[PDB]
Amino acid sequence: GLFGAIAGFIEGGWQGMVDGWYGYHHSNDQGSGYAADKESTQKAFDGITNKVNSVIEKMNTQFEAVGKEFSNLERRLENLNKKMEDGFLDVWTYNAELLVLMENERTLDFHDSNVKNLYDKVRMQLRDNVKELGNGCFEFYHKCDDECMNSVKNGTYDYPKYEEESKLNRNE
């Protein structure tokens, strides 16, 4: 996809992550497990809700056919009426189908962007205190217990705190 994360450098999705669209899998001495990122999921959920409403709302004063009848001496007028009502029908079917395609495209890319941005947020916070494995995972140069993992996941990871220990381990 456009942002290269979904079905990209993160090769597959997680059946085990059931409480949101995007998030984490962590592995340490204490154990391993999945957790959704609440903030990015909520942000995407609100965007998507707004999108569906917007697409629906723009086709609310859409054309309506109105039944009329015509004599055998009013065939041109009958045809005009038919071409008009059918013409608008075709325009609005076009508006609906095109809009749904164009927006579906952008929806899938939006999720891709959201995953990429989440990855990059974590990456830009962890810096060289970790190895980038290239598959969506980071390997730590310092032990990162459950509280440490929680700080990464809520965006309050303390680089300076682990800077000393990580650089010694990276180099030894």
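Numbering starts at 1 and follows the sequence shown.
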**Message:** I need to verify one thing: averaged over C-alpha atoms only, is the B-factor higher for 153 to 161 or for 5 to 13?
**Reply:** 153 to 161
**Prompt:** If you average the Cα B factors in the entry, which is higher, 71 to 79 or 96 to 104?
**Reply:** 96 to 104
**Message:** In terms of recorded Cα temperature factor, pick the maximum from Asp120, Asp146, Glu139, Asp112.
**Reply:** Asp146
**Message:** Based on the deposited C-alpha B factors for this chain, I'd like to know if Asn50 is in the lowest, middle or highest third.
**Reply:** highest
**Asked** In terms of the chain's CA B-factor thirds, is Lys131 lowest, middle or highest?
**Response** middle
